[PDB]
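Considered here are two forms of the same protein chain, supplied as structure tokens in two stand-alone entries, structure 1 and structure 2.
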Structure 1
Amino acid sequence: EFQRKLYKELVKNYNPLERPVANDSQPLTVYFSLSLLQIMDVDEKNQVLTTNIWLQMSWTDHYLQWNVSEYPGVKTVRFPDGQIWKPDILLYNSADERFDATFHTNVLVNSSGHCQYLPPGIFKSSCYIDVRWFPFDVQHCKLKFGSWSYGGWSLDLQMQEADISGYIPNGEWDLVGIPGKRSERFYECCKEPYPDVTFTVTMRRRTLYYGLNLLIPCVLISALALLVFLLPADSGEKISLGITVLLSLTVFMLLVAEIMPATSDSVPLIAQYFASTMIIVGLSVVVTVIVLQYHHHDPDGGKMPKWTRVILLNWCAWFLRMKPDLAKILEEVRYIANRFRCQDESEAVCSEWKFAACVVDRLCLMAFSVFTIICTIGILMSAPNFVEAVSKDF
């Protein structure tokens, strides 16, 4: 009875085009904020952030004011889209094909005219994803909101601190905060300035998932590559194991490519670590070829360069702690035995070459192990957030 009477009363002469101010010259203060409920997705390949947001726009409509003594029990009213004047606050850096993913709900006014509008929405925003430090990355994704067609002389946008009480954790991202900032910028279209409120969603990637699925698996598969330096050459599978492991490591780069954007701003840390890993494994294949050249060396070929005979079989070897008828019968039997002596000398030369191959195996085992350890640690601890990560997520 009083809700009916008031609803009829409030739409007499009301125009949803008129900015609801009493004095036309003064701008209309709109307080803007948001409640972040969830970080639904971070599409780094497409540079998009999908969030569940409850935008919070509060202002004062000069015309929607009633005296509750004359409408007992009627303390608030609600208006759907298109019936009340609303601020046309859009997300500037939107990535949604419709460009406006907001779901239009009611505007709740009280007896004093204060209008409250809390549209829910799944919002896609074009966010620059700094992949320089991935997986130990922190992203600062801006959500820039402003009135599209009202300038500062008409809509005085004011910012209120972001709401995160109802935020639901993600699993992959630790909300580090949503600091906001109000700016007054000038545009090349127009002379009247335009204010905007930009909320910078700061997100820390939780590194356990990518650590367990990308970093540690590659470390351990990369470690298998070093087993080539412990394999004997006579097994006939050094090259097979090494080349198989290297070409298996490409799957991780393929996975990263499925994740990372095709940008040239920088090289992600994961790529630099994966690249150094493959280069070290590839150099192990090159060194395996050299080792097999030493092992399969023709004894009657070139002689052993003194530089090799000392740099490897003396120093590096020590460092590693390795270490008438009867005359015709005499002639024939002496050729057989001299042939055997020549074969013994050839085996001895081949044995020394095989020893050189083994010494090289051990030196490169040590050197590639040290290279792996340093490169891995020095590339991973070059991330500013590395320590924070290992402490929080492991």
Structure 2
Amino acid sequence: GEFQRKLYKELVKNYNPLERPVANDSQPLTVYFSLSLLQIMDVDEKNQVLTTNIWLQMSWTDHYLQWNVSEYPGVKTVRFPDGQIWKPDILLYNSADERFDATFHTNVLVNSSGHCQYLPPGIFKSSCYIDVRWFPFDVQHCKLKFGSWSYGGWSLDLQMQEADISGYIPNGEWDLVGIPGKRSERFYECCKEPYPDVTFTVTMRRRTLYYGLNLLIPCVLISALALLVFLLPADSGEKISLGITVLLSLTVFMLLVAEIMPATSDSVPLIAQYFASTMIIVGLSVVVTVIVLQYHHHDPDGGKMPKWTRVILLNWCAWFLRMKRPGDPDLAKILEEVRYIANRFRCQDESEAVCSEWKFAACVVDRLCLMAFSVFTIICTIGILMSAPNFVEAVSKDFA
């Protein structure tokens, strides 16, 4: 329309997009900065990069773009594209993107009295420290530091406003706790003028159902199945097979859990501690199994049972678990030969009795070690799992 065309013609005349639009040059300009969180796109632990989808919200008061609505009755707002009017150079300080700026430049809406608005969208990839001390029951804080680049404290007075999360889209993996802001002034080696900035901290918790189902239960079940090696009779000859197969099935689980953890050498992750505990438990199980097997296949007439070991295993423990311990010249020549045969059979019987005693000792040792290892694995698993803070709150929220 004629009025809009005339207004656009008049506004740009003798306008310089390089000057700060203030009435008095000494007085700093006031800029209000806020944010509008929409979605946490990704939280990467290996690269420590947080990917978010937010809308910047900055508003100020231009002085030259003021007009009387009487002269132009139709038009009440004017929109200027990028590169025609002055805009604050607010940008992220700790960006991790290949290009340091990741804001899509949109139009700037202008009041009938100079109050400008600017709502650029964009997907921001910032760098924040990720803590894996209590994985996967951890809460992460990541900061977004915004501030003008080449404007001091006496030129651009940066103010702060509360972040808006009304349109937030809930994420499956993480649930948002809050996002408070803070404003501060800083000094730099470059210059002697303070540079204010606005910092937003995003506090989020990790939902633990997926990990608690695919990382903790299967390993516990496999360890419990490894504890069965202390029930197979020695004659089966499969205890070693069972032990090594379990060790392999946990080596592959070690690989799978290592594929995701970052190389941060600052703290030992909870899951790493617990997996290690399972490693040594299974290894000691294999060692005890070897000892038991070497007890069971003890060659008779090649040693004697030590008195201490005998009186311990066959009596003290047997009472403890109430397991009862098992158990004419031709005529003369014929006579002596049958005595020889009978004596051979008697020697065989004595050797069999000694072997039975050795096997019973092996069985008692096996039962004792089963009890000890079972109690040990329960106590260690429970202690490591419950050591982490907020564990009960997290499990209650995620499960019931």
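Rigid core (definition): largest C-alpha set, two forms, superposition within 1.5 Å. Counting starts at 1 and follows the sequence of structure 1.
- Once the core is superposed between structure 1 and structure 2, every option in 176, 259, 95, 138 stays below 2 Å in C-alpha shift except 259.
- The two forms, fitted on the rigid core, differ between structure 1 and structure 2 by less than 2 Å at the CA of residue 190.
- Comparing the forms between structure 1 and structure 2 on their rigid core, the Cα displacement of residue 125 stays under 2 Å.
- Put the two forms on the same core and the Cα of residue 366 is off by 2 Å or more between structure 1 and structure 2.
- For residue 331, the Cα shift between structure 1 and structure 2 is 4.7 Å when the rigid core is held fixed in the overlay.
- Comparing between structure 1 and structure 2 on a rigid core frame, one finds that residue 271 has its C-alpha moved by 1.8 Å.
- If you overlay the core, the Cα of residue 21 moves by 0.8 Å between structure 1 and structure 2.
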